[PDB]
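Only one chain comes next, encoded as structure tokens, the form deposited in one PDB entry.
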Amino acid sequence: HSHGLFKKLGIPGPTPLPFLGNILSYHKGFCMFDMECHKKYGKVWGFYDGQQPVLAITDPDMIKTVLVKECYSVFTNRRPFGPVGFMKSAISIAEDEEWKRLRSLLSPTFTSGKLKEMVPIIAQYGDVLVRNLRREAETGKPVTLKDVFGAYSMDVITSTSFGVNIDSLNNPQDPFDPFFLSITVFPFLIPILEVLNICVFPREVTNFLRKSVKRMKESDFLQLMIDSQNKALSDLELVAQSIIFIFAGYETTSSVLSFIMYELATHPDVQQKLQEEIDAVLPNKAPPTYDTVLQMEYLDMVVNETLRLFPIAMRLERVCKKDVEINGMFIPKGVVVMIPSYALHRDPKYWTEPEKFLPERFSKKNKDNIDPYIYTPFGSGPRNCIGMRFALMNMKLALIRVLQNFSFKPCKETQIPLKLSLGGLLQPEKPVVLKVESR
């Protein structure tokens, strides 16, 4: 390279192979690679995704500098992603000024008031979620959580943002490590693939929407995007935000729900202690409300501690858009700065027994011993997760309604312990199946 950079900076790290960089080390997944490098190299280290240098940082102050103090000036954008096509205008993917604009356009969607307007609406699909669960529990047949969870998550996302109601067991649309591997050795092929219309998003899954958002409709977040469009928001740019929002609210929601239900099943005392709180705040199986959801502290602790063990983003990243010297360390233009959330969430130098599910970690007696720059399931700074309050609410409303009616036990075919997918993303190897018993 270009494989001399960290050598030259005196920054330690795994020796890269030509072209490949360190990427063969991903044979155990991002997260094990990160954990290993943390323990081998300490607070800071560098590696190469192909020819791209990545600096991992683990100092809280330095992380606050990157995500917060110097965001607009230096660390505004994430690693180039391609080929994306018209999805370049998607907010999680857009850069500099354009992202600032979309962030401004879309921010007022998750105010405490717009959220609070959605609790009445969400309250309907929880009842479908239960009734669907009530059938596969009267029939003692183990249940695939992500199926009925994603169906619920799908139902919430299409109607909180657009207005479309579907009982996701008609199986309505749904979209979807062989190839992104070739990206990292061949990032030069991204501009190639762009001119080919080639997309990591199959052109058919997007064409299903390239009209279906125009096919919505029309005369909620979709409302809020024309009402704020009234330098304003295009319509192929509006479709792009819709795609982001539908994915995020479907996949992350369903998947974190599956993780929580696994933890409750292998820790029955935590499941019961939570069911008792729900019944004390919502007695007679009372319907949750925006304000009772926010009152349940143990539900929050359970949500948080699961997100400690399964930070589904895994890593946070920012591109260095110019030479800087943050907290005494020189960082050259073009380096990707990465925060290894999975690794920091499991660091024994911050967390007692860091692999155990222990929600007391987030008790108000203990929540202050926790550095918001070590615990980052939603990122931080101006580019943190815009859907955070919606996600926590949506999940908690789901959990409340579900633990109000059912208990969850392991099955013969439950994977205990749970292996993580040694692949690209943060999911289990085998899917989560548990016995569901009616209260």
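Each form is matched to the other, and the largest set of C-alpha atoms that superpose within 1.5 Å is called the rigid core. All residue numbers are counted from 1 along the displayed sequence.
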Residues of the deposited chain absent from the coordinates between residue 230 and residue 231 total 4 to 9
Of 105-113 and 162-170, the stretch with the higher mean C-alpha B-factor in the deposited entry is 162-170
Assert higher mean C-alpha B factor (185-193 or 96-104, deposited values) equals 185-193
Highest CA B factor of 122, 296, 344, 91, as deposited, is found at 122
Among 215, 273, 315, 267, highest Cα B-factor in the entry goes to 215
Sorting the chain's modelled residues by C-alpha B-factor and splitting them into thirds places residue 20 in the lowest
Of the three thirds of Cα B-factor ranks in this chain, residue 242 occupies the middle
Quick tally, chain-level thirds of C-alpha B-factors: residue 308 sits in the lowest
Quick tally, chain-level thirds of C-alpha B-factors: residue 403 sits in the middle
Assert third(CA B-factor, residue 39) within chain per record equals lowest
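Beyond the structure shown, there is the form deposited in another entry, which is absent from this document and is the topic of what follows.
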Of 271, 206, 92, 289, Cα shift of 2 Å or more between the shown form and the other one on rigid-core superposition seen only for 206
Original post:
Is it true that residue 363 shifts between the shown form and the other one by 2 Å or more at the Cα, once the core is aligned?
Top reply: no
| Quick one: core overlaid, is residue 352 moving 2 Å or more at the Cα between the shown form and the other one? | no
| query | Does superposing the core leave residue 171 with a CA shift of 2 Å or more between the shown form and the other one? | reply | yes
